[PDB]
Every structure is written in structure tokens, then in C-alpha cells.
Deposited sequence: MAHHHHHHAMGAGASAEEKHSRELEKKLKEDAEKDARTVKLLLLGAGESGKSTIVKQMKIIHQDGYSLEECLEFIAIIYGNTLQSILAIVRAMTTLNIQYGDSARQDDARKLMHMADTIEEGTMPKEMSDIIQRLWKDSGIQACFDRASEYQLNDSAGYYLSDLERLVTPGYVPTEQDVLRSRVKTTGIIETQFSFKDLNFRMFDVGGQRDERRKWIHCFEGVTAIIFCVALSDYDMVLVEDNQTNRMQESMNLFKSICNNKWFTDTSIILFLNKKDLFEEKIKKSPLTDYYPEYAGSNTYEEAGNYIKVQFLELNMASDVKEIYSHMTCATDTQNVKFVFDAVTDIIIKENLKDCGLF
């Protein structure tokens, strides 16, 4: 029949378009607005950026145009590979990014996905605490003033409230704004996440 052959041609077209998007790896980055997004996407709906590196194709989903409350649209990303935080390094928004990290590490839709965290804007941060330490808004928490341990102090604050009862490891990278190996780190991380699920997909883990 004419309409039945049209339906079969449409089904062939849909199955042919299935294999193009069933092979890519999709990622999302929250970032809490102001961040070092504009370098790591360079290297008002859903700003989709699409890069590739060594036979892995990526599709970021920089959602920033939506409002602050996000309990109603966050379930459409249940099936993403790895969340990419973009926490800027400016002590006293710093606080609002930490409240968002609590929400995504407690709900059922993201308690099995990884988080590729990024400590960002180091060469601004190293001079921003060379004179004004972290021990003003907090108590004397660090104990010293450099960029290694104070950068590691922001890491241990974010890793303090992760549950991680499954494969939920959190990579981290104290990254600059003139970096050249930043996209290699997001490639080296996501291959490890792909290995862990394929080991889980075959079953032996």
C-alpha cells in the first residue's frame, strides 16, 4: 500500500537516524551562571555546543536561561553521562553552587552518574587570596595560605557531602583560562566512566 510503504520508509528513516545519536556522548554543565564556561566551551534556551576529540563525540547542554527553581525540568537529563560543574574560585556565586551540589547528589535521577568537577580561574584565585585569605568568612580552617592546599580545601568541601554508594566518583581539575589539556582531561575522565558502565553492562565488575 502507498501509506504503508510511506510508514515503512519513515520507520527506516527513524532507525537510520537512531544510530547517529545512539553513538554520541551527551553531557550537561550547570556552572551557576558566572564561571569559566566561556573558555571550556571555546577550548536563550539550551545552548548546545558540540566538539569531538579522538573518536568520541560530545554534546554539551549549557542550560542557563531557565529560572532558579529547577525541580520540574531536571528529570529530562536522567540518562546523561557525566555532569560537569564549573565552580569559580572566588571566596565570598560560590555559595549557590554548593547548594546545587547537595541537590544532585541526593536524588534518584543522578545518584548513579559521575560528576566531572572543575575548579576554575586559578591565576585570578592565586592573587585573590595572596593578600585576603580564606580564614575571614570561615574560621581558621585551612591553616596556611597557598594555592595548592586552599585549592584542595575547596575540593574537600565539595567531596564532604557526597554519598557514593555506587559508581559515583568525582574527578577534579584545578584548571586555568589558557589551558591546552583541559579537553584531554574531560576525554580521559569520560573514557573511564564509559569503561565502568561497559564493565557493568557486560556484568563483571
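- Query: Which residue ranges of the deposited sequence are not present in the modelled coordinates?
  - Reply: Unmodelled stretches: 1 to 14, 58 to 186, 236 to 246.
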